[PDB]
Amino acid sequence: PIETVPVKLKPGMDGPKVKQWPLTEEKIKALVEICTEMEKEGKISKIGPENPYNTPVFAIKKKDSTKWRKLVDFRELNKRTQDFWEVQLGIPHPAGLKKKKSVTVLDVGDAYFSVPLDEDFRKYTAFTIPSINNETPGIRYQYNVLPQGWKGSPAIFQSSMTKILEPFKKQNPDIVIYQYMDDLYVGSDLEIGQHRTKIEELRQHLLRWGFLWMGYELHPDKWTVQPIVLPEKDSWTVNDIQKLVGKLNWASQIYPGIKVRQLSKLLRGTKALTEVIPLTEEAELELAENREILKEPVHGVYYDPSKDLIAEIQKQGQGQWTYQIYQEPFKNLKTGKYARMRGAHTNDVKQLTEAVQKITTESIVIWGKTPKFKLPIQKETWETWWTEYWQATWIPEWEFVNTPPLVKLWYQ
Amino acid sequence: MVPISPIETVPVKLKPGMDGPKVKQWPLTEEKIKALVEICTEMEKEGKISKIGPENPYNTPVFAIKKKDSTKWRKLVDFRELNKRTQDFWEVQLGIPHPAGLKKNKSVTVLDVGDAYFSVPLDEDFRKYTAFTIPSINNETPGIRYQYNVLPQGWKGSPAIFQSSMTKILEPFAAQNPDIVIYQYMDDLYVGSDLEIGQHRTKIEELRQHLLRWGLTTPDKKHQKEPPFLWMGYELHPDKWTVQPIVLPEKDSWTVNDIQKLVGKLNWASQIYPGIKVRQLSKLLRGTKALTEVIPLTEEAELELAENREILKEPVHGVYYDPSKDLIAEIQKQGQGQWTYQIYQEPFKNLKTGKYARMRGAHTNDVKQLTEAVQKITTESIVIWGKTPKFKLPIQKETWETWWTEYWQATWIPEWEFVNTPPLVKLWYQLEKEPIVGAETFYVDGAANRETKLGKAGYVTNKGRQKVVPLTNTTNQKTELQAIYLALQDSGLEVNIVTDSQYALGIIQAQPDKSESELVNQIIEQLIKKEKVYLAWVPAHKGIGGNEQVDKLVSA
Ligand SMILES: Cc1cc(C#N)cc(C)c1Oc1nc(NC2CCN(Cc3ccc(S(N)(=O)=O)cc3)CC2)nc2ccsc12
Ligand SMILES: [Mg+2]
């Protein structure tokens, strides 16, 4: 690939100028080693002071890998980079991917380093390996090839990728292969024995076209919107009924037809919270009718690709996390719950960080893009620690929730 | 002739779509012109500038200035216009090392790189934009026109390009001499090591031999400064560091300007003088732009000042960093949202100290502030030392475990241990998860008229206790909090409370222990006195008994 594809920023926009955040000594040392080898290989070059741009960099470890990896946070550059209709008008997101029995994620970002980056665009990929205590000026580099994590790379590389894969595709017409940023998502309906074979047959096929050896295994089998469920009880206290009426009142914003009149009737008077109330027949019927309504899908839920996906997350305690993805309020496109997050039984922020990556992975499989997160955490705590648990090569956007939502109870 | 390597040129551009400057040269006296001609003739002989013909259309004004006793003229080329039109550069880092992150170098030499500076060539394609004109005597001949071949002092790119050029030249020497440290500050190159003075002098000679490859002569700095080095507001001694003298002035009359300089001195001092406090002195600046407005000091600002004077009566010093020892950070609560900390490796030998002040907020609690202080110190430590310290915190392990397991937000603090240094951070109340058997149930409500601002707040209970209080100059939100307050006031030590106020729930669920609202504060004080409180929420206007009744009592 000698010819470079011309790339520009969006009209009227300059390059990114994002501060490098401070890094631990071990991460700095790892980045120095990685970047020295990349410079020897010609992938990056030292830059001079006439380049004022910057994108932050840090170091991670992929899931169960002891080797440090460089992660550039290209979020600002990506939003400033021209929109891409690379080879066509767009790849309609494969709706069948989320239906496959198993989906394997392969890191193919290494392929990007074989394509040269437009010489006039390189300056915008500048990044700094910082020094400790400001004791030396940072080490300043820019990219000479397509960088991992940049919006342009999959777009510019897509012609090369579609050709690399065609013989495999022609042979396995029932396997879905979808690319998002540095990752390939390979789904089929076989048993892991055959699927692993295919996956190993694909990376071998990739190795003969010029890898990593890692893989993530997903089962989008039952990704849906979790029903609202109401308690089934033989004796209701005043408190139980108050909680039920509150939950139903909330559900009524989602579902037409929810009624609470007959259940409220049970609370006639000023009763002790722990007093047992017998259900009348009218209230039993009303609750049964609400129960039936909640079994149906929500009305008028549809994905609109011109709108952001929103993800909200609630800490439920005891390592459990609930979440909803939507574009408009009360129109959930997907809901879910996680428990016993791996390797963080004593660390809230690690658990939250892993939930954010799992949800982002689900969002890429279902819609082909990442959601904007509403995180139940103070900004200063999140910003101090999330990079310490990040293991993905993309990074989504996020905002912070400082007022406790009443709805955590309803997803409880 | 000994061949020398050229210094790599930095390519420079004007900002997009902008042209170079075209600023008219001012008239000058015959005296200043003679002075400028002499100066520029000498600069021209040294290669710094070159005469140019009349084709160049750019121009920057030049001036001639004096000094009090120094009885010679100075040249001044005013590049402000060109600076506005020059591209941005990766600037010399605004950040400087913090002394507590430095490590011992027993031997230090200061080289003068003033002369090396003029070997840095200016990008040939950019020189045209630096044209200037010496007006001629009596304006009877064409003015003498020059441009720069070297980095003009006062031009926007000169510091970044000079620094980058030196760094690139020094880099191989630094990497092949890992036992020395090199730090540049304008015309000063500081070269340090921990070697015996003989081996150190040799490295300095080797460095001079290295720089000669570019034709650079670097002699020692004139009038070698004895220790300590006066650097960036510090005193750096071979084995210790402090700030330069902190002298708080005595005054009968303090203006808004006087208090600003006081906080700045105090803020500078707080990186080594433990326990400095600036809240009560900062509260005297809240909202004011007139800097001579004499603001009388509160008895609490006087106390604070007097307390800082006591802390500042004697110099204290910090130690430098030892990578072989642990890094420990200890925090104390000072009150009124203020926190102090020490970072050290050995007991009683601080690397540095610091402080942290509560963020502006309607409500807050001590555990949240302590967490924020931890995150600040964490980030400062990564900056200075490249690692997180072990923390010593005035909060019991069991208190922290209760907090984070029950708090609605994710929260984390890194490896830490309890230090029993009052006052301790604690949880002042915890609400129940389930309704209390045998505790009276208060249904509370309040409401207010948006126009008249008249309201009511009250409750009804399962024992037939009831209260409605008429209120003036109030709001719905305020009456809703007032209702909860009345129920707390009038109940036993265990109480179930039912509200429909989403506003009140949102406040109380945030677990504040202090507020800017006296009413919230009064509710917190009531909560602290209870043994058990269950707070339950119901939707308004849904016919829920108890709630419906009290809603009527307070809605007119
Ligand atoms: C070399 C240097 C000097 C100054 C000044 N002004 C500032 C900085 C940032 C410097 O840069 C670095 N300084 C160090 N350590 C320090 C440790 C403490 N001392 C003070 C001292 C020692 C000995 C004598 S003495 N007996 O020779 O008179 C006098 C004064 C200076 C060196 N480490 C690094 C690492 C990367 S840069 C850098
Ligand atoms: Mg009401």
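FYI, side chains are in, hydrogens and waters are out, and symmetry mates aren't considered; it's all heavy atoms of this structure. Whatever order the structure lists them in is the order used to number ligands and atoms, beginning at 1. Order of the sequence lines sets the chain letters (A, B, ...), proteins ahead of strands, with each chain counted from 1.
Of all protein heavy atoms, the one lying nearest to atom 24 (C) of ligand 1 is B:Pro238 CG, 4.0 Å. Looking only at heavy atoms of the protein, atom 35 (C) of ligand 1 is closest to B:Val181 CG1, 3.4 Å. When hydrogens are left out, the protein atom nearest atom 14 (C) of ligand 1 is B:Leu102 CD2, 3.8 Å; that is the closest non-hydrogen contact. Nearest to atom 25 (S) of ligand 1 among the protein's heavy atoms is B:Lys106 O, 3.8 Å. With respect to atom 11 (O) of ligand 1, the closest heavy atom belonging to the protein is B:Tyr183 CB, 3.2 Å. For atom 31 (C) of ligand 1, the closest non-hydrogen atom on the protein side is B:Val108 CG2, 4.0 Å. Of the protein's non-hydrogen atoms, B:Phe229 CE1, 3.5 Å is the one closest to atom 29 (C) of ligand 1.
Checking B:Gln93 against A:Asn134 by side-chain atom types alone, a donor-acceptor pair falls below 3.5 Å.
Comparing B:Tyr190, B:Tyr321, B:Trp231 by heavy-atom distance to atom 1 (C) of ligand 1, the nearest is B:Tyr190.
For NZ of B:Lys225, the number of neighbouring non-hydrogen atoms (other residues, nucleotides, ligands) closer than 6.0 Å is greater than 12. The number of heavy atoms from other shown groups lying within 6.0 Å of CD (B:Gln244) is above 12. The neighbour count for B:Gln489 CD, taken as heavy atoms of other residues, nucleotides or ligands under 6.0 Å away, is above 12. Around the NZ atom of A:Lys259, the shell of radius 6.0 Å holds no more than 12 heavy atoms that belong to other residues, nucleotides or ligands.
Of the heavy atoms in B:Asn105, both backbone and side-chain atoms come closer than 4.0 Å to ligand 1. The parts of B:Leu236 lying near ligand 1 are both backbone and side chain, judged by heavy-atom distances below 4.0 Å. With a 4.0 Å heavy-atom cut-off, ligand 1 is reached by no atom of B:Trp241.
In this pair, B:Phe173 and B:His210 present their aromatic rings tilted. The plane angle is within the 30 to 60° band. Ring geometry for B:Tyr321 versus B:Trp385: interplanar angle of 30 to 60°, hence tilted. Using bins of under 30°, 30° to 60° and over 60° for the plane-to-plane angle, the ring pair B:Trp268/B:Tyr234 lands in the tilted bin. Ring orientation note: the planes of B:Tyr190 and B:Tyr183 are tilted relative to one another, at an angle of 30° to 60°.
Within the protein, the number of N, O or S atoms lying under 2.8 Å from the Mg ion (ligand 2) is 2.
Taking distance alone, with nitrogen or oxygen atoms compared against 3.5 Å, B:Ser107 stays at or beyond that limit from ligand 1.
A salt bridge does not link B:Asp239 to B:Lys104: none of the charged nitrogens lies less than 4.0 Å from a carboxylate oxygen. Classification of A:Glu25 and A:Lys29 as a salt-bridged pair holds, one side-chain N sitting under 4.0 Å from a carboxylate O.
Atom NZ in A:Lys265 sits 14.0 Å away from atom CD1 in A:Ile241 (nearest 0.5 Å).
Residue contact check for ligand 1: B:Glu226 places no non-hydrogen atom closer than 4.0 Å to it.
Atoms of ligand 1 lying under 4.0 Å from any heavy atom of B:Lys103, numbered from 1 in the order shown and given with element: 15 (N), 16 (C), 17 (C).
Partners of B:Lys456 by side-chain contact (heavy atoms from CB on, under 4.5 Å), not counting sequence neighbours, listed by chain and number: B:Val468, B:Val554.
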